[PDB]
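Below you'll find only one chain, the form deposited in one PDB entry, shown as structure tokens.
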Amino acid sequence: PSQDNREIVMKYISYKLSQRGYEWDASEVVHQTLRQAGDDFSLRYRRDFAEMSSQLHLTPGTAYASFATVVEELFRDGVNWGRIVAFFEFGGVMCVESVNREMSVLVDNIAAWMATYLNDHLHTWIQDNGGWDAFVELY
């Protein structure tokens, strides 16, 4: 069940990393509307993503807790589809920057971090708010 959720993360990261020149190896109705929503958010909230990227000092020694701290503040006043999209986009944003800083190994860490936070905190809310089906019905 969680596994399907790991697929959503890695498919998202492998798609955004792929529109750059970086090839990264770890139905489609929900992944493409999610990827399209993320491409929107990278332009709207570029200042917020840059600020989150500065509070998370991404080094090889960066732990999951330093990542969950920034993402937990994103969901401080409750979780919604808009902030879930920003969760996916911020994650995909960090890998894009780590590849650009000669740190390709950090992508697998960010991928794993997004998966655990997805299953432990966002999954319970996704199931009770119409599932990913409802996210397709709106966005």
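The numbering used is simple: start at 1 and walk along the sequence shown. In this text, the rigid core denotes the largest set of C-alpha atoms whose superposition between the two forms falls within 1.5 Å.
Absent from the display: the form deposited in another entry. The rest refers to it.
Undergrad: Let me spell it out: fit the two forms on their rigid core, measure each listed C-alpha, and pick the one of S53, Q36, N80, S104 that moves 2 Å or more between this form and the one not shown. Which is it?
TA: It is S53.
Undergrad: Relative to the form shown here, do the C-alpha atoms of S53 and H121 sit closer together or farther apart in that other deposited form, given a change of 3 Å or more?
TA: Compared with the form shown here, the C-alpha atoms of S53 and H121 sit farther apart in that other deposited form, by 3 Å or more.
Undergrad: Would one find the Cα atoms of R76 and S53 closer or farther in that other deposited form than in this form, where their distance changes by 3 Å or more?
TA: Relative to the shown form, the pair is farther apart.
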